[PDB]
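Have a look below at one chain only, the form deposited in one PDB entry, in structure tokens format.
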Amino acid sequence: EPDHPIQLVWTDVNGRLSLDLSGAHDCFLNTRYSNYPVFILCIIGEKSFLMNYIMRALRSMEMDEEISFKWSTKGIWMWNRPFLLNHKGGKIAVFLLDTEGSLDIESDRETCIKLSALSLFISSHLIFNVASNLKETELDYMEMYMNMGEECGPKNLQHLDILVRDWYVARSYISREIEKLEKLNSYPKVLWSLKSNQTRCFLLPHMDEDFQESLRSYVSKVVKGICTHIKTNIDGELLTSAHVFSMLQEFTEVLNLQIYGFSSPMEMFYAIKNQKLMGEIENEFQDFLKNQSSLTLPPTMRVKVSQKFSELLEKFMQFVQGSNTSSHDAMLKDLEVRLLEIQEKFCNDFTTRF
């Protein structure tokens, strides 16, 4: 079939994330490039011009030519074939990803956050389209993305480009946003990113030729820096499309299992870490109970299990992340119900057996 965009992920009627497994398999586990170092360019927010220029520039570098089969929706879409760019004596497989979603509509916000989080999780580089100054919801997506690099290798940096489509000077723009963020005292990683030039801002004029040339200039700049921003995984191997297929499956499951309320991307991110912490506590309780002797005096056993139980609820509140207390309360209550099940099983076994 002629190469075309494929919808990788969408949301079903229940807000669950659904993955085209067979489709993603075909793209990512192709025996030609699946062990080539991979690069996932992702576009988010709100284009056809930008996307088509990126493909035209990529297809030129692929055929060893010089930079100077089109792109058409509420999901994650990918161009089903990668562009193989020369690097070392090998190749880099560039996949092109587009996150279609609302940014500010309050309907289906949890699902919008989930789709976007998934794209950001697997991206090597983010192109974020904004209209004028950065709004809070955009900045929160940006902070989530900045946090997704802190768990993907040691010297991993998260690269973000901001395409401001309707500002009215890119110097005054970035300086302005740095000032607003400095007073707000929130979004510390975006602030740091803006000050370290890891986040770049590009201002696009609205007339055709000035927009055309600015897009061309920007697209040339990001395809040229692709080969030097290869991500490495936790192990230290360069990211490959096989790895990306695995990450996509696993983080889709993590997102569908994040069953606690959240109103913002950072809250969804902290909810994911807090659920993990819950499981580290329950496992820690199970281990503690397994190491207790069957010879222990039943009274001394009851007190030790009770105090350990209490200490673990304290530990959940000490290491819980984020500031949504309503969510922490729901999770502690569920942790308490789970710990009491482990306790009831161990204790009821212990009393009747011994």
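Numbering starts at 1 and runs along the sequence shown. We call the rigid core the largest set of C-alpha positions that still match within 1.5 Å between the two forms.
Absent coordinates between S68 and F69 - deposited residues affected, binned into four classes: According to the record, 10 or more deposited residues lack coordinates from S68 to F69.
Deposited residues lacking coordinates between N283 and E284 (none, 1 to 3, 4 to 9, 10 or more): Gap between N283 and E284: none, chain continuous.
Given the B-factors recorded for C-alpha atoms, which segment has the greater mean, 117-125 or 171-179? For C-alpha atoms only, the mean B-factor is higher in 171-179.
Tell me which of 131-139 and 229-237 has the higher mean C-alpha B-factor in the deposited entry. The entry gives the higher C-alpha B-factor average to 229-237.
Options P265, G89, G261, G279 - largest CA temperature factor per the record: Max CA B-factor in the entry, restricted to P265, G89, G261, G279: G89.
Of the choices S72, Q275, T199, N256, which one's C-alpha carries the largest B-factor in the record? Highest C-alpha B-factor among the listed residues goes to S72.
In terms of the chain's CA B-factor thirds, is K315 lowest, middle or highest? Lowest third - that is where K315 ends up once the chain's C-alpha B-factors are sorted.
Per the entry's values, where does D20 land by CA temperature factor relative to the rest of its chain, in the lowest, middle or highest third? It falls in the middle third of the chain.
Thinking about Cα B factors across the chain, which third does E250 belong to? Lowest third of the chain for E250's C-alpha B-factor.
Can you work out whether the C-alpha temperature factor of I40 puts it in the lowest, middle or highest third of the chain? Lowest third - that is where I40 ends up once the chain's C-alpha B-factors are sorted.
Among modelled residues of the same chain, the CA temperature factor third for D161: Ranked within chain, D161 CA B lands in the lowest tercile.
One more form of this protein should be noted, the form deposited in another entry, which is absent from this view; the next part is about it.
In a fit on the core, which one among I226, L84, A271, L97 has a Cα that moves 2 Å or more between the shown form and the other one? The one that moves 2 Å or more is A271.
After fitting the rigid core, is the C-alpha of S327 off by 2 Å or more between the shown form and the other one? Moves: yes, 2 Å or greater.
For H159, state whether the C-alpha moves by 2 Å or more between the shown form and the other one after rigid core superposition. False for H159: its C-alpha shift is below 2 Å.
Once the core is aligned, does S186 move its Cα by at least 2 Å between the shown form and the other one? Yes, shifts by 2 Å or more.
Against the shown form, C-alpha atoms of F128 and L157 in the other entry: closer or farther, for a change of 3 Å or more? Closer together, which means the C-alphas of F128 and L157 are at least 3 Å nearer in the other entry.
Considering a change of 3 Å or more, are the Cα atoms of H159 and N324 closer or farther in the other entry than here? Farther apart, which means the C-alphas of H159 and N324 are at least 3 Å more distant in the other entry.
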